[PDB]
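Undergrad: Questions regarding the structure given below will be posed in turn.
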Amino acid sequence: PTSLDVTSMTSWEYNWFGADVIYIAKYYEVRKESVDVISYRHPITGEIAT
Amino acid sequence: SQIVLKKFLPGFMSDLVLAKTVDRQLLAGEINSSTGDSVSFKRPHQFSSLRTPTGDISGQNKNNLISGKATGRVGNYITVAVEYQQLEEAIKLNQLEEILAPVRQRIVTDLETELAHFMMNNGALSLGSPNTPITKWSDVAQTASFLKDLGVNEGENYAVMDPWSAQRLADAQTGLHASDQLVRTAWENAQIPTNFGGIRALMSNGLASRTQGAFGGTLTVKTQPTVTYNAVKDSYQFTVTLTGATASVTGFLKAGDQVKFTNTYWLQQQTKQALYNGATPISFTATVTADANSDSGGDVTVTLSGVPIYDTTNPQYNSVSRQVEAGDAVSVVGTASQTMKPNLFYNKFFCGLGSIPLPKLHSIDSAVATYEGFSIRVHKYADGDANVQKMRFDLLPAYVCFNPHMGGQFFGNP
Amino acid sequence: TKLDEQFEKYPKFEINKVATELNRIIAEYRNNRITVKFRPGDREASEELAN
Numbered sequence: 204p205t206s207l208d209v210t211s212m213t214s215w216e217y218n219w220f221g222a223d224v225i226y227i228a229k230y231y232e233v234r235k236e237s238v239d240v241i242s243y244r245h246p247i248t249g250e251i252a253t
Numbered sequence: 010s011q012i013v014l015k016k017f018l019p020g021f022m023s024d025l026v027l028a029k030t031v032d033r034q035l036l037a038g039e040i041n042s043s044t045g046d047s048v049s050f051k052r053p054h055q056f057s058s059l060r061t062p063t064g065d066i067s068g069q070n071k072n073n074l075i076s077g078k079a080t081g082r083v084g085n086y087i088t089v090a091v092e093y094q095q096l097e098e099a100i101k102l103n104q105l106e107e108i109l110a111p112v113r114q115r116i117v118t119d120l121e122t123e124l125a126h127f128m129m130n131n132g133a134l135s136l137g138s139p140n141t142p143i144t145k146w147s148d149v150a151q152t153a154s155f156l157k158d159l160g161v162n163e164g165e166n167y168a169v170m171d172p173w174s175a176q177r178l179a180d181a182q183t184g185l186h187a188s189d190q191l192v193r194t195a196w197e198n199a200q201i202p203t204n205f206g207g208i209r210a211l212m213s214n215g216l217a218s219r220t221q222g223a224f225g226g227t228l229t230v231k232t233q234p235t236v237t238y239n240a241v242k243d244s245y246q247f248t249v250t251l252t253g254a255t256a257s258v259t260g261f262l263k264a265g266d267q268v269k270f271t272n273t274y275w276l277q278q279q280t281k282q283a284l285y286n287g288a289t290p291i292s293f294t295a296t297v298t299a300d301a302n303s304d305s306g307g308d309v310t311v312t313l314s315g316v317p318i319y320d321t322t323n324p325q326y327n328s329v330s331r332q333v334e335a336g337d338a339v340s341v342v343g344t345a346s347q348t349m350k351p352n353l354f355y356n357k358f359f360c361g362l363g364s365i366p367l368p369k370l371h372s373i374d375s376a377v378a379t380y381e382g383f384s385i386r387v388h389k390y391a392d393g394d395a396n397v398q399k400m401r402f403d404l405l406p407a408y409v410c411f412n413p414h415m416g417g418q419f420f421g422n423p
Numbered sequence: 052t053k054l055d056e057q058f059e060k061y062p063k064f065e066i067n068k069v070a071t072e073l074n075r076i077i078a079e080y081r082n083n084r085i086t087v088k089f090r091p092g093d094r095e096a097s098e099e100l101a102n
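And the structure:
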């Protein structure tokens, strides 16, 4: 079923008639994650390649 | 007593779990303007075999094909309406956005109260004595064990209980011996895990309470009822007459009471074999649907949900070891007239739920408010010229029960 | 007001006088649009990199 985020922000001195609105939100996160890295050391065309 | 804050003080709130757990998948957008006032779903088929040692037997007594139905309908309006004076309302409440908050909660609370009443009225299975509360782990494990024993596989099974009983289970969990995570969680937050005893246990404070209803005398059946599949293939309900009751009392049997047939046992539906509860076989039970009084001579005509089919021409649909007939002994669970709040356990595919959208009324301003996925339509008008404003909130539900044999009530047992 | 067994409302005219300066600001922005520019450094290939 359709469950929508409730804010009760608008309808403040406004008439509502459209029953076909559902509020969906994108959520952004930032994390510190420990990843392993590989160092290719091909002598030809530059050596250090991380 | 002159300065007043605008912010309304916080109030009390119930909780919404039953509508979330029940099935909202199959019946959704199916009650349209073309379908009508009801909609029906199909039922599965069952077959039985023969045992003969010969092969050129192309002519014999074959099976039969009978089709069943499960009908779902609409309910009554859930309406809240207020009449007021717009000046006294708008002294401190513009746009009437303050009245909105305690209205949608009332609507959804009434909706779930009705849903709980419907579920406990249409459930068939019963467990434990109503008197004893839930105290130990077996009290919640038995529901999942019985559900697995009957044979339900496709779906998910849930159980709902009151706040105090959960507390007791968490207290018992605090006494564990080796699981530090569980012990620490129960010690600190006093919350039980999700999978408790093989069934998902839930805590809810909003749950219907019911009264037993006075009864007395060793009841027994009078006339042999009709429980054939050709009769009960559309409703899974049957009407039975009881004799030997008390002389004349009003309200002999309330709605939701469980009537237990002593000598008729349950059957494992697929293998068609009796059920053993470790120490004693499990007997059949049914639920009263409508209030029944008793007339002189102790005759009670009662309609029960859940049917003990023992068809003799279509054996493949049997669900009870032996046919109930006249002179049998029956009982009613619980004591005379106590009031209790039952605990529920049910499969996902037991009772459905839906809502019917409502068109906007002509020449009257209106709006739509969404709350837990339920759309409430509000209409405002000013009939009467005495500063008599009128606002009304409307919502229309629809209910359906698929199989009564996949749920019921359960208590603790001594 | 109640006004002799009716509900006649007050007249509420609207004379918008605050939008002219906002429109002027918006037009001034749209006349001179700006974007992001990358500047080079004191290196040999910084110009090509920025380009």
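Chains as they are written, first to last, in PDB author numbering: chain E, 204 to 253; chain W, 10 to 423; chain X, 52 to 102.
Beta carbons: idealized from backbone N, C-alpha and C, even for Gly.
Evaluate the contact criterion for the region 378-398 of chain W versus the region 52-63 of chain W: three or more CB pairs, one atom per stretch, below 8 angstroms.
TA: no
Undergrad: Looking only at its own chain, which residues have a Cβ that is under 6 angstroms from the Cβ of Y245(W), when we skip the five neighbours before and after it?
TA: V316, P413
Undergrad: Between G226(W), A283(W), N327(W), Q182(W), which has its C-alpha nearest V309(W)'s C-alpha?
TA: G226(W)
Undergrad: Using a Cβ cut-off of 7 angstroms (strictly closer), state whether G361(W) contacts chain E.
TA: False, the Cβ-Cβ gap to chain E never drops below 7 angstroms.
Undergrad: Where does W275(W) land, buried or exposed, given buried means 16+ other C-beta within 10 angstroms?
TA: Result: buried.
Undergrad: Between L54(X) and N218(E), what straight-line distance do the alpha-carbon atoms span, to the nearest angstrom?
TA: 27 angstroms
Undergrad: Have a look at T271(W) and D337(W) and give me their C-alpha separation to the nearest angstrom.
TA: 8 angstroms
Undergrad: Select from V409(W), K399(W), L367(W), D403(W) the residue whose C-alpha is nearest the C-alpha of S42(W).
TA: Here the closest residue by C-alpha is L367(W).
Undergrad: Could you list which residues in chain E have their beta carbon closer than 8 angstroms to that of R33(W), in chain order?
TA: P204
Undergrad: Using a Cβ-Cβ distance cut-off of 7 angstroms, determine whether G81(W) contacts chain E.
TA: no
Undergrad: On the three-state DSSP scale, how would you describe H388(W)?
TA: strand
Undergrad: Would you call the region 228-236 of chain W in contact with the region 176-191 of chain W, where contact means no fewer than 3 C-beta pairs closer than 8 angstroms?
TA: no
Undergrad: Can you find the residues in the same chain that come closer than 6 angstroms, C-beta to C-beta, to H126(W), ignoring five residues on each side of it along the sequence?
TA: The residues are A217.
Undergrad: Quick one, which of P19(W), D403(W), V26(W), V13(W) has its alpha-carbon nearest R209(W)'s?
TA: Taking only the C-alpha atoms, the option nearest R209(W) is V26(W).
Undergrad: Which residues mark the beginning and the end of the alpha helix (DSSP H) in which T194(W) is found?
TA: Where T194(W) is concerned, the enclosing alpha helix (DSSP H) stretches over 189-197.
Undergrad: DSSP on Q282(W), reduced to helix/strand/coil?
TA: strand
Undergrad: Let's test the definition: count the other Cβ atoms within 10 Å of the Cβ of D148(W) and tell me whether it reaches 16, buried, or not, exposed.
TA: buried
Undergrad: Hey, is the region 293-300 of chain W in contact with the region 343-353 of chain W, meaning 3+ C-beta pairs nearer than 8 angstroms?
TA: no
Undergrad: What is the DSSP secondary structure of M22(W), reduced to helix, strand or coil?
TA: coil
Undergrad: Mapping the DSSP letters down to three states, classify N352(W) as helix, strand or coil.
TA: strand
Undergrad: Using a Cβ-Cβ cut-off of less than 7 angstroms, give me the residues of the region 383-405 of chain W that come near chain E, in sequence order.
TA: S384
Undergrad: List, in order along the chain, the chain E residues whose C-beta lies closer than 8 angstroms to that of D374(W)?
TA: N218
Undergrad: Run through chain W and tell me which residues come within less than 7 angstroms of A222(E), C-beta to C-beta.
TA: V377, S384
Undergrad: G416(W) and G81(W) - do their beta-carbons sit closer together than 7 angstroms?
TA: no
Undergrad: Note down, in chain order, each residue of its chain lying with its Cβ closer than 6 angstroms to the Cβ of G77(W), except the 5 sequence neighbours on either side.
TA: Answer for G77(W): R52, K242, listed in chain order.
Undergrad: Near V236(W), what residues of its chain come up, given a Cβ to Cβ distance below 7 angstroms and the 5 sequence neighbours on each side ignored?
TA: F247, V316, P317, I318, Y319
Undergrad: Residues of the region 100-119 of chain W in Cβ contact with chain E at a cutoff of 9 angstroms, in chain order, please.
TA: Listed by position along the chain: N103, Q104, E106, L109, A110.
Undergrad: Which stretch, first to last residue, makes up the alpha helix (DSSP H) that contains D180(W)?
TA: 172-183
Undergrad: Please list the terminal residues of the continuous beta strand (DSSP E) segment that includes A79(W).
TA: 78-83
Undergrad: Within its chain, find whatever has a CB closer than 6 angstroms to the CB of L404(W); leave out the 5 residues flanking it on each side and keep chain order.
TA: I87, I116, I385
Undergrad: Below 8 angstroms on C-beta distance, what does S214(E) contact in chain W?
TA: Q104, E106, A376
Undergrad: Starting from the C-beta of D93(X), find all residues in its chain whose C-beta is less than 7 angstroms away, skip the five residues before and the five after it, and write them out in chain order.
TA: So no residue of the chain qualifies.
Undergrad: What's the call for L18(W), buried or exposed, on a 16-neighbour Cβ count within 10 Å?
TA: Result: exposed.
Undergrad: Just to check my reading of the structure: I75(W) and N239(W) have Cβ atoms closer than 8 angstroms, yes? What is that Cβ distance to the nearest angstrom?
TA: 7 angstroms
Undergrad: Is it true that the region 346-359 of chain W meets the region 140-160 of chain W, where meeting means three or more beta-carbon pairs spaced less than 8 angstroms apart?
TA: yes
Undergrad: Can you check which of these residues, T253(E), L207(E), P246(E), is closest to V238(E) by C-alpha distance?
TA: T253(E)
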